[PDB]
Amino acid sequence: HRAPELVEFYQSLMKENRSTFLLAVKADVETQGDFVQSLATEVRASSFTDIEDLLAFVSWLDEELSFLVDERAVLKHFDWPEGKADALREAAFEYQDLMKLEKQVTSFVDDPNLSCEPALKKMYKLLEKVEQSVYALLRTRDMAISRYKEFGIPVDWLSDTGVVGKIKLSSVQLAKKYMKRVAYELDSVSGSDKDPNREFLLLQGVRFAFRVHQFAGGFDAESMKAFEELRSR
Amino acid sequence: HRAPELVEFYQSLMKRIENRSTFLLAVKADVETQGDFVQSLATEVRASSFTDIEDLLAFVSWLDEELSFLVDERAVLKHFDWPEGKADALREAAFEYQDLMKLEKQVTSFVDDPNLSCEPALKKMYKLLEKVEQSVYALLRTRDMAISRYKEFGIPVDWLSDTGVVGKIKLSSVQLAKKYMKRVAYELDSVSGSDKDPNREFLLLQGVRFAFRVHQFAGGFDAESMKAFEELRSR
């Protein structure tokens with residue numbers, strides 16, 4: 001067929017968003033070098049004894065860094081103290097989270113305007129949340145504290161007498177509110193009395209109680225007593 | 001049935017890793033007993049400047065050997081004011097340069113084995129060109145932002161430029177085009193024969209098209225290879 005035409009064609013011929021990004025980054029690196037080196041000095045210099053100070057500092061630091069077009073891209077041009085900066089942000093986050101959780105468990109109210117099943121389910125789901133969070137915490141806090149201690153970051157909140165312990169105590173508060181809802185609903189109906197839900201309910205209560213007793217590490221007076229109030233039904 | 005027994009069971013109970021903990025102690029051990037060693041490495045990294053990239057290679061070689069004394073590098077260094085940005089810059093500069101040099105040496109010091117039949121030799125050269133094209137296109141794709149960082153960290157960037165190793169690679173790509181057009185112009189005479197003529201239009205096109213592809217990649221042809229191209233055009 002037509003290989004000559006093809007070769008003549010070839011011979012007679014032998015005679016995107018990223019560039020903008022690169023320039024924006026370059027702009028920052030040139031015109032904000034001193035600003036960034038300043039931030040780096042402050043981070044390196046920082047030391048905290050109050051976790052609330054640390055919070056304020058990370059707040060500040062995030063705000064300052066938000067003036068950078070892309071934090072990672074720009075910072076990769078600098079002798080930025082990544083390890084400590086990460087330690088600080090991570091500490092800030094964990095603390096605030098744990099605190100959220102504790103305020104959520106402590107201030108939990110068994111809404112009497114809720115029927116039995118949704119109420120018990122509410123508490124069960126909360127307990128699950130608490131259990132996951134704390135278990136993750138225990139799973140990571142030792143290596144975390146190893147790093148934090150090097151970086152002048154407080155760790156008392158991380159201990160057993162810290163926010164975690166407070167959380168376990170309110171877990172027992174929860175088992176109380178649950179056994180209370182169970183012993184209540186156990187009276188609020190009928191009639192014939194046991195009945196198939198009057199044995200099932202008693203079990204959900206007993207078992208929730210045991211699950212929490214094991215989680216928290218033990219029971220106080222009033223709840224060991226409520227559990228006793230369950231044994232005798 | 002028997003729910004009381006169950007509740008009594010629970011009552012009578014309400015009376016009475018090591019792979020990760022080991023790792024943690026090992027790390028704690030390094031952090032305690034290698035703090036000065038690490039702060040020293042960090043000082044040395046921060047202080048460094050290179051003018052020859054070969055010097056840089058030597059440095060990163062050393063740095064890797066030194067860091068290998070750590071039970072887990074990431075775990076230990078996360079305890080220190082380590083210059084992560086620059087250390088990363090250095091290691092990647094070393095890796096890219098050595099990779100590029102491996103490639104350039106492979107394409108330049110490539111031999112068209114005359115002891116191999118047509119198709120396998122042509123496949124060899126085609127696949128090497130593919131390798132080359134992928135590497136260079138990726139390099140061009142990332143080199144600008146790389147150079148931006150490198151310049152900040154006192155890391156050489158000439159090898160990254162168009163007159164750097166990339167140019168060498170493009171030139172040896174044209175040499176590969178000569179060798180392909182050689183294998184074709186040869187095989188177009190050899191087999192079998194007589195009689196003959198199968199693929200004598202196909203093989204020729206494979207030659208022409210390979211030449212054009214390379215010509216476009218490398219940026220042009222010199223005298224002698226453009227001459228091999230006329231030696232192919234006239235068939």
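Note: ideal-geometry Cβ built from the backbone for every residue, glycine included; neighbour counts use all protein chains shown. Basis: the model, the stated rules and, where named, an outside source; none is laboratory data.
For this structure, a couple of remarks:
- Of the residues examined, A:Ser47 is not one that is of a type in the set (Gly, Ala, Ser), over 30 Å from A:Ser19 (Cα atoms) and under 20 Å from the mean Cα position of the chain (by Cα).
- Restricting attention to region B:22-44 and to residues that are under 33 Å from the mean Cα position of the chain (by Cα) and small (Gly, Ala, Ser), the residue that is surrounded by the most Cβ atoms within 10 Å (Cβ to Cβ) turns out to be B:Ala42.
- Meets criteria (under 31 Å from the mean Cα position of the chain (by Cα), assigned to a helix (DSSP H, G or I), more than 14 Å from every other protein chain (Cβ to nearest Cβ) and within 30 Å of B:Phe50 (Cβ to Cβ)) for B:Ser172: yes
- Test: residue in region A:88-100 that is out of contact with any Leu (no Cβ under 9 Å at 6 or more places or on another chain) and either in the same structural domain as A:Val25 (by TED's automatic domain parsing) or under 26 Å from B:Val31 (Cα atoms) (or both): yes
- For region A:94-130, taking the residues that are in contact with a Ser or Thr (Cβ under 8 Å, 6 or more places away or on another chain) and surrounded by fewer than 18 Cβ atoms within 10 Å (Cβ to Cβ), the one that is nearest to A:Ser159 (Cα to Cα) is identified as A:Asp97.
- Residue under evaluation A:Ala119, criteria (1) assigned to a loop (DSSP other than H, G, I, E, B); (2) in contact with an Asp or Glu (Cβ under 7 Å, 6 or more places away or on another chain), criterion not met: (1)
- Residues of region A:217-228 satisfying the condition of being surrounded by fewer than 17 Cβ atoms within 10 Å (Cβ to Cβ), within 11 Å of chain B (Cβ to nearest Cβ) and of a type outside the set (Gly, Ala, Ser): A:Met224, A:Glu228
- Complete set of residues in region A:69-93 that are more than 14 Å from chain B (Cβ to nearest Cβ) and buried (at least 19 other Cβ atoms within 10 Å of the Cβ): A:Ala92
- Taking region B:51-107 as the range and being of a type in the set (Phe, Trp, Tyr) and in a loop (DSSP other than H, G, I, E, B) as the test, the residues that pass are B:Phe69, B:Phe80, B:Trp82.
- Residue match in region B:146-161 (condition: assigned to a helix (DSSP H, G or I), small (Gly, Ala, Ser), surrounded by 13 or more Cβ atoms within 10 Å (Cβ to Cβ) and away from every other protein chain (no Cβ under 12 Å)): no
- Of B:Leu203, B:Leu188, B:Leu171, B:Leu140, all but one fail to be exposed (fewer than 14 other Cβ atoms within 10 Å of the Cβ) and of a type outside the set (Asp, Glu); the exception is B:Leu140.
- Of all residues in region B:207-216, those that are over 9 Å from B:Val174 (Cα atoms) and either away from chain A (no Cβ under 11 Å) or under 25 Å from the mean Cα position of the chain (by Cα) (or both) total 3.
- Matching residues in region A:177-206 - criterion: being at positive phi and within 13 Å of chain B (Cβ to nearest Cβ): A:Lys194, A:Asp195
- Within region B:45-57, the set of residues being of a type in the set (A, V, I, L, M) and surrounded by 13 or more Cβ atoms within 10 Å (Cβ to Cβ) comprises B:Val45, B:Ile53, B:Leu56, B:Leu57.
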